[PDB]
Each structure stands twice: as structure tokens, then as C-alpha cells.
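Below is one structure, written out as C-alpha cells; comments come after it.
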Amino acid sequence: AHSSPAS
Amino acid sequence: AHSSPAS
Amino acid sequence: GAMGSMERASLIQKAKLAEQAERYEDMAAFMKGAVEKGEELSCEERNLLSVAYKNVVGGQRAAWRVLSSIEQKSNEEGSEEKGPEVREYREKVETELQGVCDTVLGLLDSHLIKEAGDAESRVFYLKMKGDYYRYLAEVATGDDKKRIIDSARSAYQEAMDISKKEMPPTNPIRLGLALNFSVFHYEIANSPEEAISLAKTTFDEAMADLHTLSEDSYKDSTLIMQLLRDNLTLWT
Amino acid sequence: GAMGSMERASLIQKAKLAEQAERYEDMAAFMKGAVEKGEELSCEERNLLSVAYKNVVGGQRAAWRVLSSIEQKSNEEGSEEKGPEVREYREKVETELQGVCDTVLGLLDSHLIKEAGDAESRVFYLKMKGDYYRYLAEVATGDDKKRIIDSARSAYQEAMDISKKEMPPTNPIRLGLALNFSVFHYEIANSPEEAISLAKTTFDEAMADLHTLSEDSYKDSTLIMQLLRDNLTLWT
Ligand SMILES: [Ca+2]
Ligand SMILES: [Ca+2]
Ligand SMILES: [Cl-]
Ligand SMILES: [Cl-]
Ligand SMILES: [Cl-]
Ligand SMILES: [Cl-]
Ligand code: NA
Ligand code: NA
Ligand code: NA
Ligand code: NA
Ligand code: NA
Ligand code: NA
């Protein structure tokens, strides 16, 4: 699963 | 320039 | 305390150079040094902190997964005994990973979270706390596995409660928090239905708020929404 | 000497695990430990040594180039003064890179080269000596720049003399040596015509010997020949 990128 | 890869 | 003699502004400047050079261990050390100066972090500085340790732990997690897969294959039937080396080296990587996670959690506890009063900072740090307990949970197996999982859940839940009260549904921090809490449910908490419900509700509520955004904010929000959709496509 | 308590075979096993996990700093430390056991290295072990430090220094070289480019842009006309930070951090990376190069050269000098009697091992280590003096030369600027360059040239030349006497023109070590000596001429020694002549003669002499090879050896030799052609295409 994908988790959040840094912005 | 390209230099040698490791084998 | 090797960064104690360097100015805060110089540490931030060098963190940005390290990022350009893809030197993320350096970047993390610079940003740890900046945090330890004791002043609150700006939005940009919080991002730098997150980028640095995301990339450090990201490399460790990927290595740990390679080694764990080798270790598991070594313990099947018909597998030759190769000695303790695979286990030892997996443990070495695992211990270094736990040490990075502990370092981040220590910065959050001393004293980033307690000084964060604005919703954007408080949610950012509580999400980070959940994330790094989640990384600890990925490798946990013993008596504290359950308490590590509950520590992640508790941090994510406090962040969710604040974000829902204080942030619009399209806010990229709120979106990335929900994305990660959904992954926590699916991969850590054995709750795939909770993961799917959270991802779908988050996506739908952001969709209905996109009309309020500028083009630049729209681009930021839809980027994270696409990751939610990608996960739903993987999970359903 | 942190690897002094680990068995040689365990160090080699763990170097191979580190390679699979893309943990090249670990891999280099394991292979340094294996070298320091004092026994000669096999062909496979020499390759592991080379892979580990190639990737460590490769990351440092790429970072140094990013930082040097920023530093040079900071010293143009119309550039704002940003303080000493760029220079300082470039120096930090440069010093770490020099330390890795010094470590490799120290292993070769104590005592890999002196114990290497076979052409394949002696040429491999002398090429490595040239390579790591070449990396030092890429960042050198002061009183010792000329002696570093001459140290690289001398190592490469002794390796060439042996390889031409003792190895067929298609041997991949001989080919990679000539490739790298040609890059040395072009990028370090300000001798582009020597670089081009060497690459073309090396390529032509290998071409005329391919008919002697098995399919697997043919694949190994033509891989390095294509890099020679790629450089000639870049340089002419
Ligand atoms: Ca505050
Ligand atoms: Ca010997
Ligand atoms: Cl180990
Ligand atoms: Cl759950
Ligand atoms: Cl520095
Ligand atoms: Cl020359
Ligand atoms: Na200060
Ligand atoms: Na073993
Ligand atoms: Na608000
Ligand atoms: Na032994
Ligand atoms: Na400055
Ligand atoms: Na021979």
C-alpha cells in the first residue's frame, strides 16, 4: 500500500 | 563518461 | 549533541543542501540538531524533518524486508542450514531501524508535541508519532507488539480527532494522515474493512470540497486522493 | 577492528546479504573485515570488495558534484553571499570521500597487492588503486594534486603493462582497466587524444579476439566494449 509522501 | 561496472 | 555548536539557521540551510545531494542521513542529523535548539519548527522545517527521516527509515525498512524474506525462506522445509548469519544481520538492521524510530519519537516527546498548539503542527507531529510507531510495529514480534500497535493507533486517533475538528477535508496533512491510518488498519491492525471504509470516506469528503480550492491547492489535494484511490484499487 | 570477532566466511556471507539489501556501507565494512583476516581473496570476493566500495564512493561522488556545483554558482557575479555553509558541507562530504578512498588504498597496500601473484588478481588490485587515486584526483586542488594524478597514472600503467602481457584483449578486467584509464586521460589528465586512442585501440583489439570466446564470455566482453563505444561517441 502507498503511504503519504513527504510535500 | 562511463567507467567500468562492478561483474 | 554533535550539532550543538552550529547555528540553527546553518543547520536548516545544510539540511536543504543534504536533500539536494540525496544525503538523507546527514539531513536527518542536521534537522535533529535544529529541533534540539528548542524552538518550534515552521511548516517548511517540519517538512524537512519528515523528508529526512522518511528517507532514512525508508531505506532501513526496504532492507529489513529483503532480509526477512530471506530469513523466512531459510526456515522452510528442505532448506539448508546456513547458520546464524541471516538472523544476525536482519537483527542488526532491525535494531538500527528501531533506533531511528526511537530517535524520532524522542524528538516528538521532547518537546515538539507539547509545544505544538496550532492544529497544523499538532496534527503533523501526532501523525508522525503514529507513523514511527507503525514502523516499529512492522518489525515487532514479542511482548510489546500489542502496546506498540496501540501506541500507533492512539497517536493517529488523536490526530484524526483534531484534524476533523480543525482542518478542511482537503487539507493535505489531514489527507496524508487518513491515508496512513488506513494503511495502519490494513497492514498492522488486521482491519482491512476499517482501512477500506476510512479511505473511501476520506476520498469522498475531499472530493466534495475540491470546488473551494485554488488550482495549486487542488493539485496538492488530488495528489494524495489518488494514493487513496490506488490503495482502494489494491484492496478491493 | 569491529569485524575482528566475526568468522571470515560469515563476513563474506553477510556482504552478500548486504548487497541484496542494497546496504553498501555495511557491505564495505564486512568486506574490509574479510580482507583484514589476512588471506588472499578469491575472484568472487574481489568482486564483492569492488561492488561495496564502488557504491559507497559512488554516492559520495554524486553528492560532492551536487554540492560543488552549488558552491561554484555561489561564487559567480551577482550571487548573494550565503555564508560559509555550502563550502563547509562540501568539505564535509569531500573529507568523508577521501577517507573511503584512503581506506581502500590502505587495504590494497596492507597487503592485497603485495600478496597478489596471479595476473588476474594483481591487475584487479592495481586497477583499483588507480581508480581510487582517480577519485581522490577528482576533488584535489592543492599542492598534492599533481602527485595524486601521478599515483593514479602509475597504478594504471603497471596494470596495463601486466594485462597486455598476461591477459587476452577480451578479458573483462583488462577491458575495464583500459576503459577507466581512458576516462582518467580524458577527465583527469587533460589528455583527450590519449583517451580516444586508448579506447579505440582497446575496442578494436577486443573485436578481433571475440571469435575465440564462448557465448557467455562474449556477452561479458561485449558489455564493456559497448561502454568504450559509448565514450568514443561522447568524445568524438
Ligand atoms: Ca506553541
Ligand atoms: Ca599470492
Ligand atoms: Cl551482523
Ligand atoms: Cl483497527
Ligand atoms: Cl557541515
Ligand atoms: Cl595522459
Ligand atoms: Na544562535
Ligand atoms: Na554460515
Ligand atoms: Na482550520
Ligand atoms: Na576463523
Ligand atoms: Na548562512
Ligand atoms: Na593469461
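Both ligands and their constituent atoms are indexed starting at 1 by order of listing. Throughout, protein chains are lettered first and strands after them, A, B, ... in sequence-line order, and every chain is numbered starting at 1.
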**Q.** Angular separation of C:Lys82 O and D:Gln13 OE1 about the Na ion (ligand 8), given to 10°
**A.**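 That angle works out to 90° after rounding to 10°.
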Q. Of all the N, O or S atoms in C:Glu166, which one sits nearest to the Na ion (ligand 9)?
A.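 When I compare the N, O and S atoms of C:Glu166, O is nearest to the Na ion (ligand 9).
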(Q) Using a distance threshold of 3.0 Å, state whether an N, O or S atom of C:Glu85 lies below it from the Na ion (ligand 8). (A)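 So C:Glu85 counts as coordinating the Na ion (ligand 8), yes.
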[atom2] on [Y] to [atom1] on [X], rounded to 0.5 Å:
{"X": "C:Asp131", "Y": "C:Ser50", "atom1": "CG", "atom2": "OG", "answer": "7.5 Å"}
{"X": "C:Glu166", "Y": "C:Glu120", "atom1": "CD", "atom2": "CD", "answer": "8.5 Å"}
{"X": "D:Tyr135", "Y": "D:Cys101", "atom1": "OH", "atom2": "SG", "answer": "8.0 Å"}

Q: In plain terms, say whether D:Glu71 and D:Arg90 are close enough for a salt bridge, that is, a side-chain N and a carboxylate O under 4.0 Å apart.
A: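 Here D:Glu71 pairs with D:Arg90 in a salt bridge, since their nearest N and O are under 4.0 Å apart.
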